[PDB]
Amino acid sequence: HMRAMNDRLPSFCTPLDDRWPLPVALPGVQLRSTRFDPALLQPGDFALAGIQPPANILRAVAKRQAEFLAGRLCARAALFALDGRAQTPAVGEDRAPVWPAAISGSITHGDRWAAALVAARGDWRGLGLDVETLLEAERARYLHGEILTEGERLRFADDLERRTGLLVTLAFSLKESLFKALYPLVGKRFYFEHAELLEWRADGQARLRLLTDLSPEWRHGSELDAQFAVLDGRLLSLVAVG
């Protein structure tokens, strides 16, 4: 189809990568990712990619424009791959993406790295993806009180002293993914205190526990398995709800 191939990638992004960056694969998901540089962004890249930006992103700063667009390219390519639709999710009033009917996905973008994954809602009701740069030990010791609950600081006291940046970065990433997976289901807003990390292993497997009631099904003590990958000085984590 001739016009859907008029949406070539703007030069500030590397080609959309389909390689799975996580330990365990998930059936029925499509994840695309890119490395971008907000400096290479051109004043006509949005029309080039065929992605209509909302009024907010038109007058935003260059770093935000690049992150939004790069995340929207990955989303459209992931969605195209799953079912063939070159559609971009709108921006909700609650800042969340507005995925098409019977589609659940997630978008993340950090320092020069972006990705998005999508799935049919009949396979995965909720999806939360989040990448975070590895915190330095100092800044991690400064943020450990906000991110880690006192039960987590005790449970992972060893890593808290030895591998400070890894543990805090991870709970940061896992808890943000958990939020992005459950929010389009529960509607409520919960924060770093409302979940705890329970176990994490080098093979990339993790497990979370809810600390408050979010819905009849998502009650206090409900647990969700997650996975994570630590490569390239950044940590990427995934929470998927069947």
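Numbering starts at 1 and runs along the sequence shown.
Per the PDB record, of the two stretches 207-215 and 52-60, 52-60 carries the greater mean B-factor over its C-alpha atoms. The stretch 6-14 shows the higher mean C-alpha B-factor when 222-230 is compared against 6-14 in the entry. Sorting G126, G122, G165, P97 by the CA temperature factor given in the entry leaves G122 at the top.
Across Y191, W200, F68, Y183, the greatest Cα temperature factor reported in the deposited entry is at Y191.
In this PDB entry, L26 carries a Cα temperature factor that places it within the middle third of its chain's modelled residues. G92: CA B factor in the highest third of modelled residues in this chain (values from the PDB entry). The PDB entry assigns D130 a C-alpha temperature factor belonging to the lowest third of its chain's modelled residues.
When the CA B factors of the chain's modelled residues are split into thirds, the value for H144 lands in the middle one. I107 sits in the lowest third of its chain by CA B factor, as recorded in the PDB entry.
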